[PDB]
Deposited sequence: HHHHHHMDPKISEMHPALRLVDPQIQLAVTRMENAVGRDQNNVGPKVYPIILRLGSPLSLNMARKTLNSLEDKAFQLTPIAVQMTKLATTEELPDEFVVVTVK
């Protein structure tokens, strides 16, 4: 019943292990939902530094027709 969902092309997957860094579109077969946080060590004190997590809102159109699928991509599956 989970229909394939296409992640918009500002979020892609770089796979160096198969042939150099290659960006690949992302398909999601969501079983459980999924969030996406950007982490940087920019909460600088006088001595330490902390991590701030700014969530990234990823737009996910669900796939209408399988003809829309690209020639090549990666399928991330969440159970």
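**OP:** Mind pulling out the bits of the deposited sequence that never got modelled, as residue ranges from 1?
**Re:** No coordinates exist for the deposited residues in 1 to 14, 33 to 42, so these stretches are absent from the model.
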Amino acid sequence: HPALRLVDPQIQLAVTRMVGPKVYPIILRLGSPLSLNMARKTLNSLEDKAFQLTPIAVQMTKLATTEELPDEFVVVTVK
From here on, numbers count along this sequence of modelled residues.
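**OP:** Determine, for stretches 48 to 56 and 26 to 34, which one has the higher mean CA B-factor as deposited.
**Re:** Looking at the record's C-alpha B-factors, the answer is 26 to 34.
Original post:
Do the C-alpha atoms of 7 to 15 or of 62 to 70 have the higher average B factor in the entry?
Top reply: Stretch with the higher mean C-alpha B-factor: 62 to 70.
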